[PDB]
2 protein chains.
Amino acid sequence: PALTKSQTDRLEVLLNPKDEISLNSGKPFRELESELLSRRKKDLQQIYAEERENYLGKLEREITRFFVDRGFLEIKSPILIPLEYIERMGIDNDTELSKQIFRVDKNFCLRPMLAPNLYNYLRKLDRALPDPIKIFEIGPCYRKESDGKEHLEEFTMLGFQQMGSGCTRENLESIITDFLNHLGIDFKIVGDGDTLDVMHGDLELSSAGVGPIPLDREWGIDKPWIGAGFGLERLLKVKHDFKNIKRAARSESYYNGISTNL
Amino acid sequence: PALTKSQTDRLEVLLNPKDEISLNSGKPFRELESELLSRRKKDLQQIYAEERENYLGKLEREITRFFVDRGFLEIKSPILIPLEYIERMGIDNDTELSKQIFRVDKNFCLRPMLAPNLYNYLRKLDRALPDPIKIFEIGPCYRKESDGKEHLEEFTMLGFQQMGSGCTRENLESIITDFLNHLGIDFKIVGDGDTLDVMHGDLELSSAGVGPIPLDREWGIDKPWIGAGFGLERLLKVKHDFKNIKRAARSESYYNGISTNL
Ligand SMILES: Nc1ncnc2c1ncn2[C@@H]1O[C@H](COP(=O)(O)OP(=O)(O)NP(=O)(O)O)[C@@H](O)[C@H]1O
Ligand SMILES: Nc1ncnc2c1ncn2[C@@H]1O[C@H](COP(=O)(O)OP(=O)(O)NP(=O)(O)O)[C@@H](O)[C@H]1O
Ligand SMILES: N[C@H](Cc1cccc(Br)c1)C(=O)O
Ligand SMILES: N[C@H](Cc1cccc(Br)c1)C(=O)O
Ligand SMILES: [Mg+2]
Ligand SMILES: [Mg+2]
Ligand SMILES: [Mg+2]
Ligand SMILES: [Mg+2]
């Protein structure tokens, strides 16, 4: 008998991208399931015996070293942010993002992006640090999303920003290119303040920008800048050839892309 | 003229624990403020020129290396968790913690602790990994709190748990002792399933436990265990002799304990 769709769904959960197994063959569900269960248990045993590091944590640490080594200051700013920061960012009711905010209490929200906190740090650090000011942050961000293989409601974003001298599109593309070649992730930069997107096929890895833009004034910024935001789970999805970004997420259902339901 | 209380408050923001400056002296506010501003700008310049790492990020990475090296698997689990996990943990209306939860939407909350996710990982990994199972997680936790120099509403917690063989109070105290001696943090273990607290004077650094306890059954756990939870900002507060834990927090107001309002 052919596998049911439910049985195929179950096998897909246990299938990893490097497997050379095809579900289409005549072998019965129970034997395919037992084979994949054995493989995934061995995969977890090998992680536990050797490296023991979580993909998302390890990627954050690798990205951190890259940017610290390039002269960027590591920022850790609040995840629970004032709701007023959303409106200040120009996110009004005519934008998609206005409907995607997780509100907390009556005056706070889970941050959907890093830009407000990075703007505040640029303004404050400009009183103390020499030109140019280079900063970055990695951490959780939150958006309400429709179901989709490329979106999480709880994800992790890298944001970096440079302000002052050297804030050219060329320098921005050079940072992006060195960064993704360091990680081993294929990309194309697409673009015509200037804006550009970093694409892996149809998947957006990053949106980047060149300042100054009119919004800067509301944040007390009056210098040129360049910066970009990257989703870490999307980087992991591409690097490991996951079919669904849920394999890369903070999760109780997957560990380093391996099903925990064994 | 003596300094006003408001002027003293302003100087205290700029005062760092290693400063050898006393505000009590006759010198005028403006000169004391200008001296402290110069010192704090130089402190930020030195960080930017040399290490560029954030105290909270760096501590997370150091703790991660300690536990990975000791055989613990690094977990990254959801911060936004089902509200049902709170009740399942035995947190009912007769507990303080029930009134401290940040609710999100109608069925989710910001996690106030790591225990639910660690229980779930122990249960699932017991199907794949050899005895004993050793896991840990570091990440944001959230609690509504009264104003106080030892509490944050947004903080970072280390949780570790071992399940199976070797789950003795002696082994638990040995992990705690090696860990805090590695970090260079003075402590006392106080205690009479068994429970114990790790104290720095009157400040609680950790609460730890030895299983099994009746609650385990609700989470599908039926093996002995040991574990503990530590607040990272409290570790930083003790290590750096901060007077208020706000100096150690995810923050827009302090960077590595240095005021950003210069
Ligand atoms: N829901 C999400 N899940 C995972 N990653 C995300 C999510 N939203 C944004 N990101 C990442 O964060 C980066 C910067 O955010 P932003 O440019 O605002 O996203 P976006 O324009 O909404 N992308 P998309 O929703 O795919 O059209 C993106 O390039 C993504 O890599
Ligand atoms: N609001 C907070 N801010 C910073 N750290 C915290 C906070 N709550 C708990 N922690 C840390 O997390 C550890 C384990 O949490 P738990 O034992 O539930 O805290 P607790 O018993 O409420 N401590 P306390 O509130 O100081 O009496 C504690 O030992 C603290 O180091
Ligand atoms: N907030 C993030 C990060 C960021 C930071 C600075 C400049 C730029 Br462009 C983007 C984003 O959504 O892209
Ligand atoms: N949830 C955390 C971490 C934790 C994990 C396992 C056992 C123990 Br005890 C404590 C706490 O509040 O202590
Ligand atoms: Mg989007
Ligand atoms: Mg975009
Ligand atoms: Mg408490
Ligand atoms: Mg306690």
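Read-outs throughout are calculated quantities, based only on the coordinates presented, and are distinct from any laboratory measurement. Here Cβ is always computed from backbone atoms with ideal geometry, including for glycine, and neighbour counts include all displayed protein chains.
Could you tally the net charge around B:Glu145, taking each other residue with its Cβ under 14 Å from the Cβ of B:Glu145, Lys/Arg +1 and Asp/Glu -1?
Charge balance near B:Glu145 sits at -2.
For the stretch A:1-110, what class follows from the C-alpha gyration tensor (a ≥ b ≥ c being the square roots of its eigenvalues): rounded when a/c is under 1.5, otherwise prolate if a/b is larger than b/c, else oblate?
Oblate is the answer for the stretch A:1-110, as a/c is 1.5 or above yet b/c matches or exceeds a/b.
Using 7 Å Cα-to-Cβ label points, what is the B:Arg127/B:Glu218 separation (nm, one decimal)?
Taking the two extended label points, one gets 2.3 nm.
Within 10 Å of each residue's Cβ, count the other Cβ atoms and sort A:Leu205, A:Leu262 from fewest upward.
Lowest to highest Cβ neighbour count: A:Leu262, A:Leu205.
What does the charge add up to near B:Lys42, with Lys and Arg as +1, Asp and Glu as -1, over the other residues with Cβ less than 14 Å from its Cβ?
+1
Rounded if a/c is under 1.5, else prolate if a/b beats b/c, else oblate: with a ≥ b ≥ c from the C-alpha gyration tensor eigenvalues square-rooted, which is chain A?
Cα axes put chain A in the prolate bin.
Could you tell me which GluC sites (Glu not before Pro) in the stretch A:1-88 are loop residues by DSSP with no more than 12 other beta carbons within 10 angstrom of their beta carbon?
A:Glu20, A:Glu50
Taking neighbour Cβ counts within 10 Å as the exposure measure, how do B:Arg123, A:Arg103 sort from fewest upward?
Taking fewest neighbouring Cβ atoms as first place, the list is A:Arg103, B:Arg123.
Partner chain Cβ atoms within 10 Å, averaged over the residues of B:107-113 - can you pull that number for me?
Other-chain Cβ atoms within 10 Å of each residue's Cβ, averaged: 1.
Within the stretch A:116-144, list the residues whose amide N lies under 11 Å from a label point set 7 Å along Cα→Cβ of A:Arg70.
Inside the label zone: A:135-136.
So, in nm, how far is label A:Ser165 from label B:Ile21 when the simple model puts each one 7 Å beyond its Cα toward the Cβ?
3.0 nm
Work out Dmax and Rg for the stretch B:127-262 from the C-alpha atoms and quote the Rg first, both in angstrom.
My reading of the Cα-based Rg and Dmax gives 16.7, 55 Å.
Using θ = phi - 60° and the Karplus form 6.51 cos²θ - 1.76 cosθ + 1.60, what ³J(HN,Hα) does each residue of the stretch A:166-175 get, whole Hz, x for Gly and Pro?
With the stated coefficients, the stretch A:166-175 comes to x, 8, 9, 4, 4, 5, 5, 5, 5, 4 Hz.
Within the set of other residues whose C-beta is less than 12 Å from the C-beta of B:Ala115, count the net charge using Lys and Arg as +1 and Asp and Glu as -1.
-1
Excluding residues fewer than 8 places away in the same chain, name every one of the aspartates and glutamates whose C-alpha is closer than 20 Å to that of B:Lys106.
The reachable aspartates and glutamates, counting only those whose Cα sits under 20 Å from B:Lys106, are A:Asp105, A:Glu145, A:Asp147, A:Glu153, A:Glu154, B:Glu84, B:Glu87, B:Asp92.
Please sort by residue number the trypsin sites (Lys or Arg not before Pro) in the stretch A:138-171 whose DSSP state is loop and whose Cβ has at most 15 other Cβ atoms within 10 Å.
A:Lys144, A:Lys149
How many angstrom lie between the Cα centre of the stretch A:162-200 and the Cα centre of the stretch B:179-246?
Taking the Cα centre of the stretch B:179-246 as reference, the centre of the stretch A:162-200 is 44 Å away.
Please report, for the Cα atoms of the protein assembly as shown, the Rg to one decimal and the Dmax as a whole number; what are they, in angstrom?
Considering the protein assembly as shown through its Cα atoms, Rg and Dmax are 24.5, 94 Å.
Take every residue in peptide B:70-77, count the Cβ atoms of other chains within 10 Å of its Cβ, and give the average of those counts.
Across the residues of B:70-77, the mean count of other-chain Cβ atoms within 10 Å is 6.
Points 7 angstrom from Cα along the Cβ direction at A:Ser174 and A:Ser38: gap in nanometres?
5.5 nm
Neighbour counts of other C-beta atoms within 10 Å: give me A:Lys134, A:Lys243, B:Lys106 arranged from fewest to most.
Neighbour counts put them in this order, fewest first: B:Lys106, A:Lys243, A:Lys134.
Hey, which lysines would be in cross-link range of A:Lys18, C-alpha to C-alpha under 16 Å, not counting anything within fewer than 8 residues on its own chain?
A:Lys18 reaches A:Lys41, A:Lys42, A:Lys237, A:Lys239, A:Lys243.
Just from its helices, what would the mean residue ellipticity at 222 nm be for chain B, if runs of 4 or more DSSP H residues each count -39500 (n - 2.57) and the sum is divided by every residue, rounded to the nearest 500 deg cm²/dmol?
That calculation yields -10500 deg cm²/dmol at 222 nm.
Karplus couplings for the stretch B:244-256 from phi (6.51 cos²θ - 1.76 cosθ + 1.60, θ = phi - 60°), rounded to Hz, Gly and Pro as x?
3J(HN,Hα) across the stretch B:244-256, in whole Hz: 9, 4, 4, 5, 9, 7, 3, 7, 9, 9, 9, 10, 6.
I need the calculated FRET efficiency for the pair A:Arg30 and A:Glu50, taking r as the beta carbon distance and R₀ as 25 Å, to the nearest 0.05.
0.20
Taking only the alpha carbons of the stretch A:2-52, what extent do you get along each of the three principal axes, in Å, biggest first?
39, 18, 17
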